[PDB]
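Undergrad: Dropping a structure here in structure tokens format, bear with me for questions.
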Amino acid sequence: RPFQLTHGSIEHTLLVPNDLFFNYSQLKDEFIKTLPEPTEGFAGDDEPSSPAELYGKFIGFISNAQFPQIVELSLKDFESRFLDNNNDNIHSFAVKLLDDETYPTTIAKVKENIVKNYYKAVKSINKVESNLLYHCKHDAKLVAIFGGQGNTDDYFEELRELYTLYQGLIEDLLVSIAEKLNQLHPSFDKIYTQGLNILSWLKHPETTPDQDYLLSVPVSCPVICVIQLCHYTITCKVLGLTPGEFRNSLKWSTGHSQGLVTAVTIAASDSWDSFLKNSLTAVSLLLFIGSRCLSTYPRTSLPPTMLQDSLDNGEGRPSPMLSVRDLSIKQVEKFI
Amino acid sequence: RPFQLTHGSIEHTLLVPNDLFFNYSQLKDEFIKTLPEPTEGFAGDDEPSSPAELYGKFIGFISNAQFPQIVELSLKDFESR
Amino acid sequence: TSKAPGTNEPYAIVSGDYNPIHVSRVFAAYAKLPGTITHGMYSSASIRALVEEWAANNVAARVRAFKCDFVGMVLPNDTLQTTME
């Protein structure tokens, strides 16, 4: 008898080619033993909790196992099963999965198990798609903005999950970046002694220095540019867009306090290698900035009465820069 | 290893042709999911409660499923059995 | 709470104290002591800079005398918690 592909309390059974079930079952046997026990509706973070999520976890699993000619087959199957005429919308497919009732909504289990595994298993994404948010090539106007220094407290985790997710998209570039850093890292020792091996901190979380030294300027200044550049590389590659032609789509762009260097890189980026070279000149620049803006005004200790009071007043931990809201310029200049 | 055709608390395992087990198992997989849970000796009206009864329910099941050349084979098997 | 350094060599080259108890495994073993323990003077200056801000509210000229007793030894990278009374 022919029987069903199954798991847990949720199942997504697909039609394999009739002459593949044998070896197809080997991957399944290896897969079923890699999944934890079902938990009261799959509330466990690592077990899938929607049929599409299960199928995605499986497709990520088979991508590492040495058995090709199934990875892409099951991949196009996943497409036709969920992404027809929108077979480049797995992001939107993901955020739509957040709306299911069979699936208890949590974006974390949607990002991984679906998107991570897709681009982990997908072959060349180079299907030049529709810049159709600009499809009114005559009517819309895109402008890219690049964040500046200090928009968030815990920033390195953005790069953490980004590498966790699109590793196959950034691994080619960020290692070339970190190498160039290590070629310039020791030349500016004595100001960031805990090293600048980003690859270590990503491949090994415990090797990552504390957020404070991470929040240090000679540290945070280049990695923000790194985050922006990997984001740009991703949005160029998911669309399969060369950086220079994606730039052709934009009308103009500029950057904040810090990221403005990324903006001027984009305006000089034509190919991927040109992009890589200009990113190198960027992170080398912002590393100099981080070094010198600290060696010029080194942040020192602060009287604990001060910051204790400031945190009891609900204010922030004191820092060289203060943001005031809800007040016009003409009166803040009157208080200063 | 070769293993056994089975269900529930009663089993009627037959000898398939050696070159059919593959697709024969597909019908079984479709069949096992159409049967309710065993009930204290299969007191439920719709679950079979004798090996011949199980085999008959299976043979009715495969007759609708699009896979001939097994229906009559298993049928003459039921006869000889 | 404080933490011992990783290596005592930076302190040694600055303080001019090249005492091989703190820099070389072989001497630290010759004296049968637990290893390249931190420079006692470094451990002093560490707690001194600690109290200089936690007791004097980071006003440097307020401290006028400081004395301490190296009761125990500290191997590098050790995490040290102090009380202040």
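Identifiers for the structure tokens are assigned positionally: chains receive A, B, ... in sequence, residues are indexed from 1 per chain, and ligands are indexed from 1 in the order shown.
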Output the contact residues of chain A with respect to chain B at a cut-off of 9 Å, based on only C-alpha atoms, as a PyMOL selection string.

TA: chain A and resi 1-5+21-22

Undergrad: Within 12 Å of residue 66 (chain C), counting only C-alpha atoms, which residues show up once you throw out same-chain ones fewer than 5 positions away? Write them as a ChimeraX atom specification, please.

TA: /C:44-45,47-49,51-52

Undergrad: Could you tell me how far CA of residue 299 (chain A) sits from CA of residue 208 (chain A), in Å to one decimal place?

TA: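 Here the two named atoms are 21.6 Å from each other.
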
Undergrad: Taking the DSSP secondary structure from the backbone, can you list the residues of region 20-117 of chain A that are alpha helix (DSSP H), as a ChimeraX atom specification?

TA: /A:21-32,51-64,71-82,90-97,107-110,116-117

Undergrad: Chain A residues within 10 Å of chain C, counting only C-alpha atoms: which ones, as a list in words?

TA: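 Here they are: residues 301, 302, 303, 304, 305 and 306 of chain A.
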
Undergrad: With N, CA, C and O atoms retained, export the selected residues as an mmCIF file, in the first residue's frame.

TA:
```cif
data_model
loop_
_atom_site.group_PDB
_atom_site.id
_atom_site.type_symbol
_atom_site.label_atom_id
_atom_site.label_comp_id
_atom_site.auth_asym_id
_atom_site.auth_seq_id
_atom_site.Cartn_x
_atom_site.Cartn_y
_atom_site.Cartn_z
ATOM 1 N N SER A 301 35.140 57.513 33.297
ATOM 2 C CA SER A 301 34.204 57.055 34.307
ATOM 3 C C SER A 301 33.234 58.167 34.677
ATOM 4 O O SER A 301 33.442 59.339 34.355
ATOM 5 N N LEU A 302 32.164 57.789 35.345
ATOM 6 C CA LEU A 302 31.207 58.809 35.714
ATOM 7 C C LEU A 302 30.789 58.644 37.171
ATOM 8 O O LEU A 302 30.560 57.516 37.620
ATOM 9 N N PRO A 303 30.688 59.731 37.930
ATOM 10 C CA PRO A 303 30.310 59.627 39.343
ATOM 11 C C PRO A 303 28.986 58.907 39.512
ATOM 12 O O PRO A 303 27.951 59.361 39.006
ATOM 13 N N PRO A 304 28.982 57.784 40.235
ATOM 14 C CA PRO A 304 27.772 56.954 40.320
ATOM 15 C C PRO A 304 26.564 57.673 40.870
ATOM 16 O O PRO A 304 25.440 57.266 40.562
ATOM 17 N N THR A 305 26.747 58.713 41.677
ATOM 18 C CA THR A 305 25.606 59.529 42.061
ATOM 19 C C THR A 305 24.911 60.085 40.830
ATOM 20 O O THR A 305 23.679 60.046 40.732
ATOM 21 N N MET A 306 25.693 60.578 39.867
ATOM 22 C CA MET A 306 25.117 61.155 38.660
ATOM 23 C C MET A 306 24.207 60.166 37.958
ATOM 24 O O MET A 306 23.002 60.405 37.829
#
```

Undergrad: Got a sec: who's within 8 Å of region 249-257 of chain A, counting only C-alpha atoms, leaving out chain neighbours fewer than 4 positions off, as a list in words?

TA: residues 134, 141, 142, 143, 144, 145, 146, 147, 148, 149, 245, 261, 262, 263 and 264 of chain A

Undergrad: The selected residues should be written to file as a PDB file, in the first residue's frame (atoms: N, CA, C and O atoms).

TA:
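As a result, selection-v6.pdb now contains:
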```pdb
ATOM      1  N   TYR A 134       7.999  49.653  -7.669  1.00  0.00           N
ATOM      2  CA  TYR A 134       8.267  50.722  -8.613  1.00  0.00           C
ATOM      3  C   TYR A 134       7.725  50.428 -10.005  1.00  0.00           C
ATOM      4  O   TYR A 134       8.048  51.161 -10.941  1.00  0.00           O
ATOM      5  N   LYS A 141       8.834  56.936  -6.776  1.00  0.00           N
ATOM      6  CA  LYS A 141      10.166  57.479  -6.540  1.00  0.00           C
ATOM      7  C   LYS A 141      10.715  56.839  -5.276  1.00  0.00           C
ATOM      8  O   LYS A 141      10.160  57.031  -4.190  1.00  0.00           O
ATOM      9  N   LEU A 142      11.793  56.074  -5.420  1.00  0.00           N
ATOM     10  CA  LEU A 142      12.438  55.422  -4.291  1.00  0.00           C
ATOM     11  C   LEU A 142      13.594  56.261  -3.780  1.00  0.00           C
ATOM     12  O   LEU A 142      14.348  56.848  -4.561  1.00  0.00           O
ATOM     13  N   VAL A 143      13.739  56.299  -2.460  1.00  0.00           N
ATOM     14  CA  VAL A 143      14.865  56.962  -1.821  1.00  0.00           C
ATOM     15  C   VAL A 143      15.323  56.099  -0.664  1.00  0.00           C
ATOM     16  O   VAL A 143      14.526  55.767   0.220  1.00  0.00           O
ATOM     17  N   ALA A 144      16.596  55.728  -0.668  1.00  0.00           N
ATOM     18  CA  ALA A 144      17.159  54.910   0.390  1.00  0.00           C
ATOM     19  C   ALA A 144      17.762  55.803   1.461  1.00  0.00           C
ATOM     20  O   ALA A 144      18.501  56.743   1.157  1.00  0.00           O
ATOM     21  N   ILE A 145      17.441  55.508   2.711  1.00  0.00           N
ATOM     22  CA  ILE A 145      17.977  56.241   3.840  1.00  0.00           C
ATOM     23  C   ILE A 145      18.810  55.276   4.665  1.00  0.00           C
ATOM     24  O   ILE A 145      18.487  54.096   4.794  1.00  0.00           O
ATOM     25  N   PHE A 146      19.912  55.784   5.207  1.00  0.00           N
ATOM     26  CA  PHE A 146      20.843  54.949   5.949  1.00  0.00           C
ATOM     27  C   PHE A 146      20.962  55.462   7.369  1.00  0.00           C
ATOM     28  O   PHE A 146      21.319  56.623   7.580  1.00  0.00           O
ATOM     29  N   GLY A 147      20.683  54.591   8.329  1.00  0.00           N
ATOM     30  CA  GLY A 147      20.685  54.968   9.722  1.00  0.00           C
ATOM     31  C   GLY A 147      22.014  55.542  10.164  1.00  0.00           C
ATOM     32  O   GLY A 147      23.043  55.434   9.498  1.00  0.00           O
ATOM     33  N   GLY A 148      21.979  56.180  11.324  1.00  0.00           N
ATOM     34  CA  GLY A 148      23.175  56.779  11.867  1.00  0.00           C
ATOM     35  C   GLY A 148      23.617  56.097  13.139  1.00  0.00           C
ATOM     36  O   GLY A 148      23.062  55.066  13.527  1.00  0.00           O
ATOM     37  N   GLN A 149      24.613  56.671  13.799  1.00  0.00           N
ATOM     38  CA  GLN A 149      25.142  56.071  15.012  1.00  0.00           C
ATOM     39  C   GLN A 149      24.121  56.153  16.135  1.00  0.00           C
ATOM     40  O   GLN A 149      23.471  57.184  16.324  1.00  0.00           O
ATOM     41  N   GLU A 245      22.467  48.408 -10.909  1.00  0.00           N
ATOM     42  CA  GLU A 245      21.157  48.554 -11.519  1.00  0.00           C
ATOM     43  C   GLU A 245      20.054  48.767 -10.500  1.00  0.00           C
ATOM     44  O   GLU A 245      19.111  49.510 -10.785  1.00  0.00           O
ATOM     45  N   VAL A 261      28.150  57.474   4.827  1.00  0.00           N
ATOM     46  CA  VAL A 261      29.176  56.800   4.052  1.00  0.00           C
ATOM     47  C   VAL A 261      28.598  55.646   3.252  1.00  0.00           C
ATOM     48  O   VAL A 261      28.986  55.444   2.099  1.00  0.00           O
ATOM     49  N   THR A 262      27.685  54.870   3.825  1.00  0.00           N
ATOM     50  CA  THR A 262      27.053  53.830   3.034  1.00  0.00           C
ATOM     51  C   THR A 262      26.289  54.411   1.861  1.00  0.00           C
ATOM     52  O   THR A 262      26.315  53.834   0.766  1.00  0.00           O
ATOM     53  N   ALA A 263      25.639  55.553   2.061  1.00  0.00           N
ATOM     54  CA  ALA A 263      24.963  56.214   0.960  1.00  0.00           C
ATOM     55  C   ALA A 263      25.930  56.593  -0.144  1.00  0.00           C
ATOM     56  O   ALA A 263      25.655  56.326  -1.317  1.00  0.00           O
ATOM     57  N   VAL A 264      27.070  57.189   0.198  1.00  0.00           N
ATOM     58  CA  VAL A 264      28.005  57.564  -0.853  1.00  0.00           C
ATOM     59  C   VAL A 264      28.639  56.334  -1.493  1.00  0.00           C
ATOM     60  O   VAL A 264      29.016  56.385  -2.671  1.00  0.00           O
TER      61      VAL A 264
END
```

Undergrad: I need the residues in chain C that are strand (DSSP E or B) according to DSSP; give them as a tab-separated table (two decimals) with N, CA, C and O atoms, in the first residue's frame.

TA:
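Just written: result19.tsv:
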```tsv
chain	number	residue	atom	x	y	z
C	2	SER	N	35.21	43.63	40.37
C	2	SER	CA	36.28	43.82	39.40
C	2	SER	C	36.73	42.48	38.83
C	2	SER	O	36.22	41.42	39.20
C	3	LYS	N	37.70	42.55	37.93
C	3	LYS	CA	38.23	41.36	37.28
C	3	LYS	C	39.72	41.53	37.04
C	3	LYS	O	40.17	42.59	36.61
C	79	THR	N	37.74	37.09	38.78
C	79	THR	CA	36.73	38.10	39.07
C	79	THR	C	36.69	38.36	40.57
C	79	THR	O	36.55	37.42	41.36
C	80	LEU	N	36.84	39.62	40.95
C	80	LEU	CA	36.99	40.01	42.34
C	80	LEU	C	35.85	40.94	42.74
C	80	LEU	O	35.56	41.91	42.03
```
